[PDB]
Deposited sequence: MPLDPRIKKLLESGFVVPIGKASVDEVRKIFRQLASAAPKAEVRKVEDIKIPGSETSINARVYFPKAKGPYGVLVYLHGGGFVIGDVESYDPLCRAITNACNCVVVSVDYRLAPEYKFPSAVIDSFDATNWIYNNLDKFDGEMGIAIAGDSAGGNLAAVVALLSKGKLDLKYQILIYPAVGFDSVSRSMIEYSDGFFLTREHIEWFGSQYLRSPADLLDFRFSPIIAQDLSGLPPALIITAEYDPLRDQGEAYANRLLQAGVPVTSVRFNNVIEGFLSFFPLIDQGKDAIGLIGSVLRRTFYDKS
């Protein structure tokens, strides 16, 4: 069952039942309420994308350089969330990994439909790779994201094959495409914070037509060739409609010869890292991310 702590929270975001502005506001207040751990320096920058000027926030750790750079893509169903609501989580990650984190404000739906978020996410990653020197970031680049952001991170890793050299991909309860059949999707369709009704609404805002469901930049799990992608850490949550599809993607990567550490956090729900001050398991997931990135960037414990 759910951790009693989480059950108590759920019993005590109205996607599709309030205006876009109102749902965005509600999420901002939930996510940004978490404590902001001190980092060494924070800078807001503008990345020149192919289609837009992309805002991003750069977090520097207290540890001395040189650093690896983690590009972070926030979740929120391609519609809600932003860099500022994810500030507490990105600070926590910065401190865990002793690395630079660059959180990207990719274009959101409904204002900008698919593939806008993908284009911005890839363009940002490409620019950061080519400008690692600006961050004393010569130990390399990795990509991470949660939920919709995990989708984007997985897709960026695909698009980066033969263009950039990503060291790692961190997929935090990722969405990996169209799923009408998995047990977790059916079973945890209602009552676990992210619902099927929400999922459907997000999809209706982001995608242009059903054909986009079959585009690998939405459904990376149908990509022709997953071989040669960066090693992955894939975190899933036991009581999450997206659980089975995340674990499916892990299995497909493994079958393609890509190293994958796939870990299911039991007793928790989608979004649990955003709730780290309340949900202890969220702190431990952040710590696991830290371990993996300190090893890949620095060869450190």
Problem set entry | Where the deposited sequence has no C-alpha coordinates (positions from 1, in order) | 1, 14 to 16
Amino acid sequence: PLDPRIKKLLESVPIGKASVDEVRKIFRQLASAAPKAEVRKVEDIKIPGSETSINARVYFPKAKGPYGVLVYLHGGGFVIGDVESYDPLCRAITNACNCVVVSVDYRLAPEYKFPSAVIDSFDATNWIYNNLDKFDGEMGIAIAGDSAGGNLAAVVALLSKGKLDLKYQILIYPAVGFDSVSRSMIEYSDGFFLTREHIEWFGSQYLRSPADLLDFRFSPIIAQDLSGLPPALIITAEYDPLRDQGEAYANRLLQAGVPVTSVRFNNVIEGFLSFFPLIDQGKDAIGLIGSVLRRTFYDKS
From here on, numbers count along this sequence of modelled residues.
For this session: Higher average CA B factor in the deposited record is what I'm after, so tell me if that's 154 to 162 or 188 to 196.
Result: 188 to 196
Exercise. Higher mean Cα B-factor in the deposited model: 205 to 213 or 97 to 105?
Worked result: 205 to 213
For this session: Among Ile172, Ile222, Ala142, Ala124, single out the one with the highest C-alpha B factor in the record, please.
Result: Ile222
Seminar exercise, completed: Among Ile235, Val69, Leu30, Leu254, the highest C-alpha B-factor in the PDB entry belongs to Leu30
For this session: Pull the Cα B-factor of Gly290 out of the PDB entry and bin it into the chain's lowest, middle or highest third.
Result: lowest
Exercise. Looking at the C-alpha B-factor of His74, is it in the lowest, middle or highest third of its chain?
Worked result: lowest
Problem set entry | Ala92 - Cα temperature factor, lowest/middle/highest third of chain | lowest
Problem set entry | Within-chain third of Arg243 by Cα B-factor, per the entry | lowest
For this session: Comparing against every modelled residue in the chain, figure out the third that the C-alpha B-factor of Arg264 lands in (lowest, middle or highest).
Result: lowest
